[PDB]
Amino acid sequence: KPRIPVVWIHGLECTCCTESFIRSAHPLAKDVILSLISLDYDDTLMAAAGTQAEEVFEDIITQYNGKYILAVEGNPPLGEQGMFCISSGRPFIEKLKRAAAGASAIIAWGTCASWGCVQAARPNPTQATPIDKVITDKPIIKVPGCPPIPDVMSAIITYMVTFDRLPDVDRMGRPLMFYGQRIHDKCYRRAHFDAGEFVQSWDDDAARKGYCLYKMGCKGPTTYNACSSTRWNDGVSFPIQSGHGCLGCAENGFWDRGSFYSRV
């Protein structure tokens, strides 16, 4: 049975979202690639380079016009006529628009594609812009986080393959399943927050007992993600469990919402 074609493109990025994807524990990224989708274009993993790679791109988007999913990591810069991100000698934004035009739907992976992320933080030297401000005529599912949780990425993929539909989304385009509740609404340190039991300085007696990180700047109270329930790296930890407050990394503009160590 043929597998759904997927085209994965990369704008301005750090590659954290690809790296997250390959961390998936269930299903393994191996089994996603071999059995669930046809990952037909992806610069970070594909054998072909240069003209050979671009022949794949052109062939896939033409052969599967209207039928492929476009995954986008990173974002397009509008500055310098788009030439802060050059793809086959031309602005990345041109490749993005070509790929978008044939896609049935778009997955905006990570805070970069969703919102802008670090390159969009003040003063945004490149005019990095999220996908939904450039592509305005296609379904876009935002999957924010820097990067999103590996098993959240793969769960969204399996949902779409199994159910043959896009996940239901909130008013911002984020899947309700994983982004419907705040980190702080499912945080195992909430008992301490409610009791006024706070870490006041690093490695103090409170920190050694796992007290709440609100006074150390935890942004969990304003952040929507699954970290406090699904956790990271096959359930091993999440930021707060390892003793650092949430940075707010799934939220639009989190880099510019004050110091990470200033209280919400």
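Each residue number is its position in the shown sequence, starting from 1.
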Look over 28-36 and 223-231 in the entry and identify the one with the greater average Cα temperature factor. 28-36
Identify the stretch, either 54-62 or 202-210, whose C-alpha atoms have the larger mean B-factor according to the entry. 54-62
Maximum C-alpha temperature factor per the entry, among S154, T111, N124, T136, belongs to which one? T136
If I read the C-alpha B-factors straight from the PDB entry, which of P148, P175, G74, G102 is highest? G102
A48: C-alpha B-factor third of its chain, per the entry, is the highest
Binned into thirds over the chain's modelled residues, the C-alpha B-factor of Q119 lands in the lowest
Which third, lowest, middle or highest, does the C-alpha temperature factor of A195 belong to within its own chain? highest
Test of reading the entry: by CA B factor among the chain's modelled residues, which third contains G79? highest
What third of the chain, by the recorded C-alpha B-factor, contains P167? highest
